[PDB]
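Peer 1: Input file: coords21.pdb. Contents: PDB, C-alpha atoms and all ligand atoms.
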ATOM      1  CA  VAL A   3      16.329 -12.447  -6.922
ATOM      2  CA  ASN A   4      14.679 -10.962  -3.796
ATOM      3  CA  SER A   5      13.573 -12.256  -0.353
ATOM      4  CA  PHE A   6       9.774 -12.207  -0.853
ATOM      5  CA  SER A   7       8.410 -15.748  -0.269
ATOM      6  CA  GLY A   8       5.115 -17.572  -0.902
ATOM      7  CA  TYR A   9       3.641 -15.099  -3.430
ATOM      8  CA  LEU A  10       1.455 -16.028  -6.372
ATOM      9  CA  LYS A  11       2.617 -14.424  -9.592
ATOM     10  CA  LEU A  12      -0.228 -12.534 -11.338
ATOM     11  CA  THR A  13       1.749 -10.804 -14.114
ATOM     12  CA  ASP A  14       5.306 -10.042 -15.174
ATOM     13  CA  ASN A  15       5.612  -7.551 -12.289
ATOM     14  CA  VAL A  16       2.710  -8.066  -9.819
ATOM     15  CA  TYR A  17       2.705 -10.696  -7.046
ATOM     16  CA  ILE A  18       0.096 -11.382  -4.331
ATOM     17  CA  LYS A  19      -0.036 -13.160  -0.958
ATOM     18  CA  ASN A  20      -2.479 -13.616   1.894
ATOM     19  CA  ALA A  21      -0.410 -11.891   4.564
ATOM     20  CA  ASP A  22      -0.451  -9.269   7.304
ATOM     21  CA  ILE A  23       1.539  -6.403   5.787
ATOM     22  CA  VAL A  24       3.016  -5.593   9.240
ATOM     23  CA  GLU A  25       4.337  -9.123   9.749
ATOM     24  CA  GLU A  26       5.520  -9.303   6.201
ATOM     25  CA  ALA A  27       7.422  -6.016   6.589
ATOM     26  CA  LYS A  28       8.982  -7.165   9.884
ATOM     27  CA  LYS A  29      10.328 -10.282   8.156
ATOM     28  CA  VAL A  30      11.454  -8.981   4.811
ATOM     29  CA  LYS A  31      12.562  -5.455   5.848
ATOM     30  CA  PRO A  32      11.853  -4.285   2.279
ATOM     31  CA  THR A  33      13.385  -1.146   0.827
ATOM     32  CA  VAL A  34       9.851   0.306   0.525
ATOM     33  CA  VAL A  35       6.620  -0.477   2.375
ATOM     34  CA  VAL A  36       3.520   1.378   1.158
ATOM     35  CA  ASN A  37       1.100   2.886   3.668
ATOM     36  CA  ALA A  38      -2.598   3.407   2.903
ATOM     37  CA  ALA A  39      -2.416   7.022   4.058
ATOM     38  CA  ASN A  40      -4.857   9.919   4.226
ATOM     39  CA  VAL A  41      -3.972  13.509   3.318
ATOM     40  CA  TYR A  42      -3.365  14.449   6.979
ATOM     41  CA  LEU A  43      -1.133  11.406   7.651
ATOM     42  CA  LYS A  44      -3.404  10.584  10.609
ATOM     43  CA  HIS A  45      -2.677   6.859  10.959
ATOM     44  CA  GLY A  46      -5.708   5.866  12.965
ATOM     45  CA  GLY A  47      -6.947   2.600  11.534
ATOM     46  CA  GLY A  48      -6.819   0.141   8.708
ATOM     47  CA  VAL A  49      -3.374  -0.527   7.299
ATOM     48  CA  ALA A  50      -2.088   2.846   8.515
ATOM     49  CA  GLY A  51      -3.154   2.332  12.152
ATOM     50  CA  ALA A  52      -1.569  -1.123  12.118
ATOM     51  CA  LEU A  53       1.734   0.047  10.585
ATOM     52  CA  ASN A  54       1.913   2.995  12.971
ATOM     53  CA  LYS A  55       1.182   0.791  16.010
ATOM     54  CA  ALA A  56       4.029  -1.523  14.953
ATOM     55  CA  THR A  57       6.412   1.511  15.030
ATOM     56  CA  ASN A  58       5.324   2.355  18.611
ATOM     57  CA  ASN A  59       3.801   5.624  17.237
ATOM     58  CA  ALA A  60       7.135   6.823  15.764
ATOM     59  CA  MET A  61       5.498   6.923  12.313
ATOM     60  CA  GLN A  62       2.816   9.304  13.650
ATOM     61  CA  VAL A  63       5.381  11.573  15.357
ATOM     62  CA  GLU A  64       7.396  11.846  12.127
ATOM     63  CA  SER A  65       4.205  12.380  10.114
ATOM     64  CA  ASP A  66       2.983  15.210  12.350
ATOM     65  CA  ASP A  67       6.263  17.063  11.794
ATOM     66  CA  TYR A  68       5.955  16.468   8.014
ATOM     67  CA  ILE A  69       2.441  17.973   7.946
ATOM     68  CA  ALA A  70       3.399  20.919  10.148
ATOM     69  CA  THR A  71       6.138  21.790   7.623
ATOM     70  CA  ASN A  72       4.498  20.892   4.296
ATOM     71  CA  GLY A  73       0.721  20.821   4.785
ATOM     72  CA  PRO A  74      -1.558  17.990   3.644
ATOM     73  CA  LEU A  75      -0.926  15.658   0.746
ATOM     74  CA  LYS A  76      -3.176  15.567  -2.322
ATOM     75  CA  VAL A  77      -5.614  12.711  -2.897
ATOM     76  CA  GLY A  78      -3.674  10.604  -5.408
ATOM     77  CA  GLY A  79      -0.353  11.881  -4.039
ATOM     78  CA  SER A  80       2.405  10.526  -1.835
ATOM     79  CA  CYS A  81       5.455  11.272   0.253
ATOM     80  CA  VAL A  82       8.506   9.227   1.252
ATOM     81  CA  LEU A  83       9.247   9.040   4.983
ATOM     82  CA  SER A  84      11.177   6.654   7.213
ATOM     83  CA  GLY A  85      10.258   2.980   7.343
ATOM     84  CA  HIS A  86      11.230   2.876  11.035
ATOM     85  CA  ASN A  87      11.564  -0.760  12.196
ATOM     86  CA  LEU A  88       9.518  -2.071   9.246
ATOM     87  CA  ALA A  89      11.419  -1.067   6.078
ATOM     88  CA  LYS A  90      14.065   1.361   4.883
ATOM     89  CA  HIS A  91      11.383   3.773   3.629
ATOM     90  CA  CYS A  92       7.627   4.144   3.886
ATOM     91  CA  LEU A  93       5.835   5.465   0.806
ATOM     92  CA  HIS A  94       2.656   7.075   2.169
ATOM     93  CA  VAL A  95       0.145   6.962  -0.710
ATOM     94  CA  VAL A  96      -3.331   8.543  -0.591
ATOM     95  CA  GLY A  97      -5.905   6.595  -2.535
ATOM     96  CA  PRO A  98      -9.402   8.052  -2.814
ATOM     97  CA  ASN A  99     -11.677   7.277   0.138
ATOM     98  CA  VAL A 100     -15.099   6.331  -1.222
ATOM     99  CA  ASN A 101     -16.542   6.897   2.252
ATOM    100  CA  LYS A 102     -15.541  10.569   1.780
ATOM    101  CA  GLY A 103     -16.942  10.828  -1.761
ATOM    102  CA  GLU A 104     -13.564  11.085  -3.492
ATOM    103  CA  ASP A 105     -13.250  10.402  -7.213
ATOM    104  CA  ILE A 106     -12.303   6.764  -7.896
ATOM    105  CA  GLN A 107     -10.440   7.869 -11.077
ATOM    106  CA  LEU A 108      -7.817   9.177  -8.644
ATOM    107  CA  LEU A 109      -6.943   5.561  -7.863
ATOM    108  CA  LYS A 110      -4.820   5.351 -11.026
ATOM    109  CA  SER A 111      -2.921   8.519 -10.024
ATOM    110  CA  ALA A 112      -2.325   6.980  -6.581
ATOM    111  CA  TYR A 113      -0.815   3.802  -8.064
ATOM    112  CA  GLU A 114       1.428   5.848 -10.400
ATOM    113  CA  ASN A 115       3.473   6.791  -7.309
ATOM    114  CA  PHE A 116       4.635   3.156  -7.108
ATOM    115  CA  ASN A 117       6.505   3.560 -10.436
ATOM    116  CA  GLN A 118       9.111   5.753  -8.703
ATOM    117  CA  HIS A 119      10.346   2.661  -6.775
ATOM    118  CA  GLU A 120      11.860  -0.477  -8.299
ATOM    119  CA  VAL A 121      10.387  -2.890  -5.696
ATOM    120  CA  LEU A 122       7.607  -2.359  -3.114
ATOM    121  CA  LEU A 123       5.595  -4.226  -0.494
ATOM    122  CA  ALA A 124       2.095  -2.779  -0.613
ATOM    123  CA  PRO A 125      -1.592  -3.116   0.230
ATOM    124  CA  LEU A 126      -4.353  -2.675  -2.314
ATOM    125  CA  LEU A 127      -4.975   1.066  -2.465
ATOM    126  CA  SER A 128      -8.440   2.327  -1.504
ATOM    127  CA  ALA A 129      -9.442  -1.138  -0.225
ATOM    128  CA  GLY A 130     -10.575  -1.911   3.305
ATOM    129  CA  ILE A 131     -11.895   1.104   5.200
ATOM    130  CA  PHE A 132     -11.308   3.333   2.146
ATOM    131  CA  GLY A 133     -14.404   1.740   0.637
ATOM    132  CA  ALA A 134     -13.383   0.822  -2.921
ATOM    133  CA  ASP A 135     -13.898  -2.566  -4.560
ATOM    134  CA  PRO A 136     -10.613  -4.484  -4.031
ATOM    135  CA  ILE A 137     -11.098  -6.378  -7.311
ATOM    136  CA  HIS A 138     -11.130  -3.014  -9.073
ATOM    137  CA  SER A 139      -8.111  -1.859  -7.077
ATOM    138  CA  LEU A 140      -6.159  -4.944  -8.176
ATOM    139  CA  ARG A 141      -7.086  -4.321 -11.824
ATOM    140  CA  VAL A 142      -5.904  -0.689 -11.636
ATOM    141  CA  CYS A 143      -2.699  -1.838  -9.919
ATOM    142  CA  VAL A 144      -1.908  -4.361 -12.660
ATOM    143  CA  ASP A 145      -2.731  -1.850 -15.416
ATOM    144  CA  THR A 146      -0.752   1.051 -13.851
ATOM    145  CA  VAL A 147       2.259  -0.218 -11.887
ATOM    146  CA  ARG A 148       5.232  -1.261 -14.015
ATOM    147  CA  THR A 149       7.733  -1.768 -11.179
ATOM    148  CA  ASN A 150       7.799  -4.921  -9.051
ATOM    149  CA  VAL A 151       4.982  -4.910  -6.498
ATOM    150  CA  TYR A 152       4.335  -7.512  -3.787
ATOM    151  CA  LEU A 153       0.735  -7.147  -2.587
ATOM    152  CA  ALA A 154      -0.223  -8.257   0.905
ATOM    153  CA  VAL A 155      -3.922  -9.012   1.402
ATOM    154  CA  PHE A 156      -4.865  -9.445   5.063
ATOM    155  CA  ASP A 157      -8.205 -11.216   4.571
ATOM    156  CA  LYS A 158      -7.905 -14.825   3.369
ATOM    157  CA  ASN A 159     -11.454 -14.849   1.981
ATOM    158  CA  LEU A 160     -10.771 -11.735  -0.082
ATOM    159  CA  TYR A 161      -7.387 -13.096  -1.192
ATOM    160  CA  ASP A 162      -9.058 -16.219  -2.623
ATOM    161  CA  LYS A 163     -11.703 -14.110  -4.399
ATOM    162  CA  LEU A 164      -9.039 -11.803  -5.886
ATOM    163  CA  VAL A 165      -7.062 -14.758  -7.272
ATOM    164  CA  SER A 166     -10.089 -16.705  -8.517
ATOM    165  CA  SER A 167     -11.556 -13.683 -10.358
ATOM    166  CA  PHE A 168      -8.277 -12.357 -11.810
ATOM    167  CA  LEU A 169      -8.289 -11.988 -15.582
TER     168      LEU A 169
HETATM  169  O1  LIG B   1      -8.318  -5.966   3.337
HETATM  170  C1  LIG B   1      -9.171  -4.905   3.661
HETATM  171  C2  LIG B   1      -8.480  -3.917   4.709
HETATM  172  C3  LIG B   1      -8.305  -2.639   4.084
HETATM  173  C4  LIG B   1      -7.450  -2.669   2.935
HETATM  174  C5  LIG B   1      -6.145  -3.430   3.186
HETATM  175  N1  LIG B   1      -5.886  -3.814   4.640
HETATM  176  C6  LIG B   1      -4.653  -4.530   4.896
HETATM  177  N2  LIG B   1      -3.960  -5.011   3.868
HETATM  178  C7  LIG B   1      -2.834  -5.684   4.078
HETATM  179  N3  LIG B   1      -2.376  -5.895   5.295
HETATM  180  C8  LIG B   1      -3.035  -5.436   6.389
HETATM  181  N4  LIG B   1      -2.768  -5.526   7.714
HETATM  182  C9  LIG B   1      -3.731  -4.900   8.434
HETATM  183  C10 LIG B   1      -3.893  -4.729   9.827
HETATM  184  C11 LIG B   1      -4.990  -4.038  10.324
HETATM  185  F1  LIG B   1      -5.143  -3.874  11.669
HETATM  186  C12 LIG B   1      -5.933  -3.506   9.441
HETATM  187  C13 LIG B   1      -5.780  -3.674   8.068
HETATM  188  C14 LIG B   1      -4.663  -4.385   7.563
HETATM  189  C15 LIG B   1      -4.207  -4.735   6.221
HETATM  190  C16 LIG B   1      -7.140  -4.487   5.194
END
Please, can you express the file's structure as structure tokens?

Peer 2:
Amino acid sequence: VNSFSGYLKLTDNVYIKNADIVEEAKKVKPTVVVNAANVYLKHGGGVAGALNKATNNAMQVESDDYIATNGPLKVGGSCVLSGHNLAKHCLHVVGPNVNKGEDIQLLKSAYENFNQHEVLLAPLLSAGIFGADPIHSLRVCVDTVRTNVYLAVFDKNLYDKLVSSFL
């Protein structure tokens, strides 16, 4: 039993809710919140800008030190950093950005990072400003992630379409 509330169950291990991931993180304080990161960990907008703003820019300060030491992530890759006031840990995952021309096949590699964590609160990778089809992202999530994932979808209209079209 865990503290996630109001989710629709899609499969054995995938759950979905129309929610603001920032507000959901503030309430649940999950072990892991996933960020929709880019390779530079520049958290300017989308999910990343919102999560970083909620940490009062502490996420960005930590991220800048990470990049100065380690260099950029790979598209499809991830790193574990602090969750600050939102979660124990933040898993920064880089899905392909279609608006940069990145290969959508890398979306499966991106979701594989979730399997290193037993339970996660996450957004749909490569959705939103990353330019992928969120229906496709949900399908890849369900077919790739085997650990327990609680998906927060900010847009109510999109949430209803994702549920209604789910096979
Ligand atoms: O849904 C399409 C976009 C892009 C893909 C996923 N994004 C989110 N997903 C879950 N929670 C979210 N809180 C947010 C707060 C913001 F200021 C911006 C985006 C989100 C956000 C929204």

Peer 1: With the PyMOL selection byres (((not hetatm)) within 9 of (chain B and resi 1)) as the selection, what would be picked from this file? Answer as a ChimeraX atom specification, please.

Peer 2: /A:20-26,38,47-53,55,124-133,136,153-158,160-161

Peer 1: Rounded to one decimal, what separation in Å do you get between atom CA of residue 65 of chain A and atom CA of residue 87 of chain A?

Peer 2: 15.2 Å

Peer 1: Taking all atoms listed in the file into account, which of A:88, A:30, A:83, A:18 comes nearest residue 150 of chain A?

Peer 2: A:18

Peer 1: Which residues are close to residue 79 of chain A, i.e. within 10 Å by all atoms listed in the file, leaving aside same-chain residues fewer than 4 positions away? Reply as a list in words.

Peer 2: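 Once the nearby chain positions are removed, what remains is residues 39, 40, 41, 74, 75, 94, 95, 96, 97, 98, 108, 109, 111, 112, 113, 114 and 115 of chain A.
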
Peer 1: Which residues match the PyMOL selection byres (((chain A and resi 122) around 8) and not hetatm) in the file above, as a PyMOL selection string?

Peer 2: chain A and resi 32-36+116+119-121+123-124+150-152

Peer 1: Taking every listed atom of segment 99-109 of chain A and adding 6 Å to each side, what centre and edge lengths in Å (one decimal) does the axis-aligned box have, as AutoDock Vina command-line options?

Peer 2:
--center_x -11.9 --center_y 8.3 --center_z -4.4 --size_x 22.0 --size_y 17.5 --size_z 25.3

Peer 1: Interatomic distance between atom CA of residue 110 of chain A and atom CA of residue 92 of chain A?

Peer 2: 19.5 Å

Peer 1: Have a look at A:62, A:101, A:107, A:4 and name the one nearest to residue 78 of chain A; count all atoms listed in the file.

Peer 2: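 Of all the options, A:107 lies closest to residue 78 of chain A.
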
Peer 1: When distances are computed from only C-alpha atoms, which of A:80, A:72, A:67, A:169 shows the smallest separation from residue 93 of chain A?

Peer 2: A:80

Peer 1: For the atom pair atom CA of residue 139 of chain A and atom CA of residue 165 of chain A, what is the interatomic distance in Å to one decimal place?

Peer 2: 12.9 Å

Peer 1: Skipping near chain neighbours, those fewer than 3 positions away, what residues fall within 6 Å of residue 147 of chain A using all atoms listed in the file, listed as number ranges by chain?

Peer 2: A: 117, 143-144

Peer 1: Name the residues in contact with residue 134 of chain A at a cut-off of 8 Å, using all atoms listed in the file, excluding same-chain residues fewer than 6 positions from it; report them as a list in words.

Peer 2: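 Residues near the query, excluding close chain neighbours: residues 99, 100, 106 and 128 of chain A.
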
Peer 1: Here's the selection I'm unsure about, the PyMOL selection byres (((chain A and resi 63) around 12) and not hetatm); applied to the file above, which residues does it give, as a list in words?

Peer 2: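 The output of the PyMOL selection byres (((chain A and resi 63) around 12) and not hetatm) on this file is residues 43, 44, 45, 54, 55, 57, 58, 59, 60, 61, 62, 64, 65, 66, 67, 68, 69, 70, 83, 84 and 86 of chain A.
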
Peer 1: Counting all atoms listed in the file, which residue out of A:37, A:76, A:145, A:28 sits closest to residue 14 of chain A?

Peer 2: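 Smallest separation from residue 14 of chain A among the options: A:145.
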